[PDB]
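First comes one chain, alone, set out as structure tokens in the form deposited in one PDB entry.
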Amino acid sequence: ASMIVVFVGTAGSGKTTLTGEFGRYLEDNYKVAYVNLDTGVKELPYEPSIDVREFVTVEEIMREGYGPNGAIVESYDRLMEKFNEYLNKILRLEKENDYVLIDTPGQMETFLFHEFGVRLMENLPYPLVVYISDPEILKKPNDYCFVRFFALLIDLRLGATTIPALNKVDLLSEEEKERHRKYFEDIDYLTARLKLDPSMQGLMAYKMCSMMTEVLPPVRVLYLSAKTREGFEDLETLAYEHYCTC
């Protein structure tokens, strides 16, 4: 049955709530496992098969003299001592299930930059990555290219197909909803909207997502909502489509 979905997203994207809700959505026609890799998240809305807080939490470490930024890094360093264990735990789940959903660190960068996250990921069988954004980071043509770009970066970094998505689209007025898809799905509209800006940066910014766009056929952005279950069917089949075309 075997299939892994990694939720990546920055502090305040609501991806722990998504991981939870998307699981129950799956729990109806599928066996599902939940993996928590975040050492500093308080509560979790699901039942974890693997929960690294058992082994170490950011606070325990602070309760030993570390500045907050230094205690996240230090939680991930200690995790690596159980590196092989956690890998093999995950590999077991992978083929005892249809879906293993993986919830990554809230500081996205202790997943991009620390050894644990990075090595873990590059030793899993063709995992699917979902990069979710608060659609608020989306104010103007600039905000849109950065998101495609950063998804490309994560992909590069983890060596895993990374699909970009917006979460909490149920909070969007159709006003905004309209505005975002246009900019996202009509490549040759945004790719041309990046010229009405005449400044050191209102020019480069244009030749940026201009190429990345002309190399490997870009991806569809997912619109998701833990609250309405908008987009679950889509991601469901993107998962399956991914399991095929690999």
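The term rigid core refers to the maximal set of C-alpha atoms that superpose within 1.5 Å between the two forms. Numbering starts at 1 and runs along the sequence shown.
Going by the average Cα B-factor in the PDB entry, point out whether 35 to 43 or 55 to 63 comes out higher.
Per the PDB record, 55 to 63.
Which is higher on average in the deposited entry, the C-alpha temperature factors of 138 to 146 or of 77 to 85?
The stretch with the larger mean CA B-factor is 138 to 146.
Sorting by Cα B-factor within the chain, modelled residues only, which third would residue 96 end up in: lowest, middle or highest?
According to the entry, residue 96 has a C-alpha B-factor in the chain's middle third.
Taking the values exactly as deposited, rank residue 243 by C-alpha B-factor within its chain and report the matching third: lowest, middle or highest.
Its C-alpha B-factor belongs to the highest third of this chain's values.
Per the entry's values, where does residue 104 land by CA temperature factor relative to the rest of its chain, in the lowest, middle or highest third?
It falls in the bottom third of the chain.
Residue 115: which third of its chain by C-alpha temperature factor?
Lowest third, going by the recorded CA B-factors of the chain.
Sorting by Cα B-factor within the chain, modelled residues only, which third would residue 173 end up in: lowest, middle or highest?
Its C-alpha B-factor, which the entry lists for residue 173, ranks in the highest third among residues of this chain.
As for the form deposited in another entry, it is not shown, yet the points below apply to it.
After fitting the rigid core, tell me which of 54, 214, 64, 47 has its Cα displaced by at least 2 Å between the shown form and the other one.
Just 214.
Do residue 213 and residue 127 have their C-alpha atoms closer or farther apart in the other form than here, with the shift being 3 angstroms or more?
Compared with this form, residue 213 and residue 127 lie farther apart in the other form.
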